[PDB]
Amino acid sequence: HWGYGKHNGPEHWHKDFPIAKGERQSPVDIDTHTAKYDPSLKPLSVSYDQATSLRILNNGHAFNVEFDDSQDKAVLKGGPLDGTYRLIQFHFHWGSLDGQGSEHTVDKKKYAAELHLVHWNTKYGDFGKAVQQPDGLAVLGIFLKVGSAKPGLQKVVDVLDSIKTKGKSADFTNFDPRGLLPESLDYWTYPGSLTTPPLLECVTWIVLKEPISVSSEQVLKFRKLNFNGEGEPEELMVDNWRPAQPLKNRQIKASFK
Ligand SMILES: CCCCCNS(=O)(=O)c1cc(S(N)(=O)=O)ccc1C(=O)O
Ligand SMILES: [Zn+2]
Numbered sequence: 004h005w006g007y008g009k010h011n012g013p014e015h016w017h018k019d020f021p022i023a024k025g026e027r028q029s030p031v032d033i034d035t036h037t038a039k040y041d042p043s044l045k046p047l048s049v050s051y052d053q054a055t056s057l058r059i060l061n062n063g064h065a066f067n068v069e070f071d072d073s074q075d076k077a078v079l080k081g082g083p084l085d086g087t088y089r090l091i092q093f094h095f096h097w098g099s100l101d102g103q104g105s106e107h108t109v110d111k112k113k114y115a116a117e118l119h120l121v122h123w124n125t126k127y128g129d130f131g132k133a134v135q136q137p138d139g140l141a142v143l144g145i146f147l148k149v150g151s152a153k154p155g156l157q158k159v160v161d162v163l164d165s166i167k168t169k170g171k172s173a174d175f176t177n178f179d180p181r182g183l184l185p186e187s188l189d190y191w192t193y194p195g196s197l198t199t200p201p202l203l204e205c206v207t208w209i210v211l212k213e214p215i216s217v218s219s220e221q222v223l224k225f226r227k228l229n230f231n232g233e234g235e236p237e238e239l240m241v242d243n244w245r246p247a248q249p250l251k252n253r254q255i256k257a258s259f260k
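To convert, take the position in the sequence shown, counting from 1, and add 3; that gives the UniProt record's numbering.
Structure representation (structure tokens):
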């Protein structure tokens, strides 16, 4: 099945998922000099005070921190978006070393990791319906650089030993995702896709300009996870990022001058 290795990696995905070569694929390189300030864009509205985290899952490609999305509790609104998008999960993409790991790049710069907070449009009623629509998802992307520790990340880092291998999960309640945000909510935005199979073209991407800083020790613990299941040959979960895809007929808009 699909993954990130030599034999089943991003360059192979098109054989099972032909949309891999589509017109609005993600991630992309963000050319900062070409991205145009759009004064009609709004400030993002990130309302996470009532977020209910439930569980953390190693799914064989990343780990997902899952939320209760049965009611409007944690929502993303404003910015480029019409209507209300409900938080369902967040996960990361990261590298084997600090010089790579992000999916989006900024003037070809790769960050050490990238956080994705995935939200679905509540006019479609459920997540499975939303991913079938061009405006079904809004993903908030946040770059990670290595420097000072992120205190709000450590609860995630410390549970990782209990979900080492694919299919393991652990209870993960009362985690506050506001602890993973940078100071500024300045962002770039463009229409795109899921960055993993099935690569559906259902995502409004909102990528924050300001990275968060995490410690070397924090990201090293991400790199001790396993793609494999329990007892199988150990394959470290590293370099679970899709490289930048052709921008094609798309404009990246900036929220800031
Ligand atoms: C039902 C088919 C849709 C699968 C997409 N699920 S997701 O939760 O939106 C998601 C988004 C992304 S991403 N990088 O935001 O496109 C990565 C993984 C997953 C996942 O399945 O865990
Ligand atoms: Zn992702």
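C-beta: ideal position from N, C-alpha, C; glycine also.
Whole beta strand (DSSP E) elements within the stretch 23-72, 3-residue minimum:
47-50, 56-61 and 66-70
Would you mind listing the beta strand (DSSP E) stretches within the stretch 162-195 that are 3+ residues and don't spill past its ends, in chain order?
172-174 and 190-195
Beta carbon of residue 56 nearer than 9 Å to that of residue 185
Stepping through the sequence shown from its first residue, residue 56 is reached at position 53. Stepping through the sequence shown from its first residue, residue 185 is reached at position 182. Contact flag unset, no.
In terms of alpha-carbon separation, which member of 25, 51, 227 and 81 lies closest to residue 44?
Here residue 44 corresponds to residue number 41 of the sequence shown, with the count starting at 1. Closest option to residue 44, Cα to Cα, is 81.
Cutoff 6 Å; reference residue 257; Cβ partners in own chain excluding five residues on either side
Residue mapping note: residue 257 aligns to position 254 of the sequence shown, counting from 1. Here the set comprises 38, 40 and 191.
Does the beta carbon of residue 204 fall short of 8 Å from some heavy atom of ligand 4?
As for ligand 4, it is missing from this structure, which binds only ligand 1 and ligand 2.
Rounded to a whole number of angstroms, what is the C-alpha to C-alpha distance between residue 219 and residue 155?
Along the sequence shown, read from residue 1 onward, the residue named residue 219 stands at position 216. Along the sequence shown, read from residue 1 onward, the residue named residue 155 stands at position 152. Roughly 15 Å between the two C-alpha positions.
Taking the C-alpha atoms as reference points, what is the distance between residue 98 and residue 27?
Mapped onto the sequence shown, residue 98 falls at position 95. Mapped onto the sequence shown, residue 27 falls at position 24. C-alpha separation (whole angstroms): 24 Å.
I'd like to check one pair, residue 205 with residue 249: are the Cβ atoms closer than 9 Å?
Residue mapping note: residue 249 aligns to position 246 of the sequence shown, counting from 1. Residue mapping note: residue 205 aligns to position 202 of the sequence shown, counting from 1. Not a contact, by the Cβ cut-off of 9 Å.
At the level of alpha carbons, what is the spacing between residue 177 and residue 183?
The count along the sequence shown starts at 1 and reaches residue 177 at position 174. The count along the sequence shown starts at 1 and reaches residue 183 at position 180. Spanning the two alpha carbons is a distance of roughly 14 Å.
Let me know the secondary structure DSSP gives residue 220 once reduced to three states.
Against the sequence shown, residue 220 aligns to sequence position 217. Residue 220: helix per DSSP, three-state reduction.
Within 10 angstroms of its Cβ, does residue 212 collect 16 or more other Cβ (buried), or is it exposed?
Position 209 of the sequence shown, counting from 1, holds the residue named residue 212. When all chains shown are included, residue 212 counts as buried.
Taking the straight line between their C-alpha atoms, what separation do you get for residue 79 and residue 65?
The count along the sequence shown starts at 1 and reaches residue 79 at position 76. The count along the sequence shown starts at 1 and reaches residue 65 at position 62. When rounded, the distance between both Cα atoms is 23 Å.
Using a Cβ distance threshold of 8 Å, determine whether the stretch 155-168 contacts the stretch 129-145, with at least three qualifying pairs required.
no
What residue range does the alpha helix (DSSP H) around residue 133 cover?
Here residue 133 is taken as the residue at index 130 of the sequence shown, counted from 1. 130-133 is the extent of the alpha helix (DSSP H) around residue 133.
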